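Taking it in order: structure first as structure tokens, then the write-up.
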Amino acid sequence: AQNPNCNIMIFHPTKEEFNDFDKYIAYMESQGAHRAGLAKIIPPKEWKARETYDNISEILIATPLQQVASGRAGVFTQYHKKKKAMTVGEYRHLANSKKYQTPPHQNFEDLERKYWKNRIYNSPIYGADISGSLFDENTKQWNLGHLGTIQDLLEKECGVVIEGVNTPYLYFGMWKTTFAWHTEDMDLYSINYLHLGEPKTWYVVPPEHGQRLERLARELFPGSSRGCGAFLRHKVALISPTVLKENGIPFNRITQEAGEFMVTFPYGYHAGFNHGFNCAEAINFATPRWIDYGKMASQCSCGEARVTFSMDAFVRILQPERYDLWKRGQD
Ligand SMILES: O=C(O)CNC(=O)C(=O)O
Ligand SMILES: [Mg+2]
Ligand code: NI
Ligand SMILES: [Zn+2]
């Protein structure tokens, strides 16, 4: 069995190996990369996502989200308070202000310590989940706006044609902006490219151990657990590495820098934070190996998780018994 300790693997494809996306994912899996839940892909030196980032300031963040925390430093939830619209140039200036900027630090480890110690005492503003792309149309390799669609994969594997579309999302971050512990909708893969700016730190639980994380979360968030049998689908709970270590939960950590891709694998729980002003692009995708995860994915039916149009068909075809209850949650 490849990668039996479920370590995060880093890949350096050549420009020739960067042509065929599906084939490279399958290669990474042949080496055990999925066992970690997360992999890093450093593009060949010849590749670029676009020519420059000099002209992005007029993109609109229609609903910036202020991430307000409740709890204790290592075990907290966050809610998102909607703020007034602002441009990317206005958001960059805000991120760089004295109130929000990254503090002085020695190295990534010192910054990580400061994040865990102090996150809860601040409410950073995240420009998350903005439909769009920063890949140039002429970039042919690993262009997240030109991937094979999940609907087409379901049709190729299962023979059923379904409605829905699959497009990328932009994330504009600042110091302390946070992504809570989650797997993807329908336990899909995700791919994330850090276009510019400061790093993003990730934490991940191997898929084979995801239920250990769920059991800890039910213990640590006991009211949430009673409200919903899949409350981590709400994407609001944070648990620190120190707390995970104290409770024996297997995980790994890695920092992504500008110009690097991350792939999350089906049922790989992940969480993390931004080091300073940055912009990432991400999209979900599927492979043949996903189908079995999609059929077994948990679902939130309490009404909180509220998701895209295109998840309807995935539930309806892969999980027909759950469909009725899940759709009640959506309505
Ligand atoms: O970058 C973020 O805020 C969150 N991203 C992801 O969870 C992902 O790419 O799967
Ligand atoms: Mg612009
Ligand atoms: Ni994710
Ligand atoms: Zn729920």
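For the reader, a short list of remarks on this structure follows.
- Sites matching GluC sites (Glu not before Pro) across the range 1-68 that sit in DSSP coil, with at most 15 neighbouring C-beta atoms within 10 Å: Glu16, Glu17, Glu46, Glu51, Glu58
- Look at where the Cα atoms of the range 121-138 and of the range 178-214 average out, and the two centres are 16 Å apart.
- Per DSSP, loop GluC sites (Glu not before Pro) in the range 252-331 with at most 16 further Cβ within 10 Å: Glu257, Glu304
- In loop segments of the range 72-147 as defined by DSSP, the GluC sites (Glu not before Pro) with at most 15 further C-beta atoms inside 10 Å of their C-beta are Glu137.
- Helices in the chain, meaning DSSP H runs of at least 4 residues, each add -39500 (n - 2.57). Divided by all residues, the mean residue ellipticity at 222 nm is -7500 deg cm²/dmol.
- Counted residue by residue at 0.36 nm each, then reduced by the alpha carbon distance between them, the extension gain from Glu109 to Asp136 reaches 6.3 nm.
- Cβ-based net charge around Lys15, under 13 Å, with every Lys or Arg adding one and every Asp or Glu removing one: -1
- Taking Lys and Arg as +1 and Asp and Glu as -1, the other residues whose beta-carbon sits under 10 Å from that of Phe285 total -2.
- Close amide-amide hydrogen proximity is noted between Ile8 and no other residue 5 or more places distant or on a separate chain, at a cut-off under 5 Å (H modeled in the peptide plane; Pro and chain starts excluded).
- Per-residue HN-Hα couplings for the range 92-107 [Karplus 6.51, -1.76, 1.60; θ = phi - 60°; Hz; x = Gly/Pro]: 4, 4, 5, 4, 8, 6, 4, 5, 10, 5, 3, x, x, 7, 7, 5
- Label-point separation, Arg226 to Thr52 (7 Å along Cα→Cβ), nm: 5.9
- Only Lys, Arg, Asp and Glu carry charge here, each on its Cβ (+1 for the first two, -1 for the last two); on that basis the chain has a dipole of about 1500 debye about its Cα centre.
- Dipole of the range 139-214 [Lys/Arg +1, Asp/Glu -1 at C-beta], most positive-end residue of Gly210, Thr177, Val165: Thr177
- Backbone N atoms of the range 137-159 closer than 15 Å to the 7 Å Cα→Cβ label point of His12 are not found in any residue.
- Alpha-carbon centroids, the range 274-292 and the range 1-52: separation in whole Å: 13
- DSSP beta bridges in the chain [antiparallel fraction, %, rounded to 5]: 95
- In summary, the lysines within cross-link reach of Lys327, defined as a Cα separation below 30 angstrom excluding same-chain residues under 8 places away, comprise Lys81, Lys82, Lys83, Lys156, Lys235, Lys295.
- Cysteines having no other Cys beta carbon under 4.7 Å from their own, within the chain: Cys6, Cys158, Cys279, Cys300
- When each of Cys279, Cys302 is scored by the number of other beta-carbon atoms lying within 10 Å, the sequence from fewest to most is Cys302, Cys279.
- Taking amide H as placed 1.01 Å from N in the peptide plane, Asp136 has its amide H under 5 Å from the amide H of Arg50, each at least 5 places away in sequence or on another chain.
All Cβ positions, even for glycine, are placed from backbone atoms using ideal geometry, and neighbour counts span all protein chains on display. Here, each number is a calculation from the coordinates, and none is a lab measurement.
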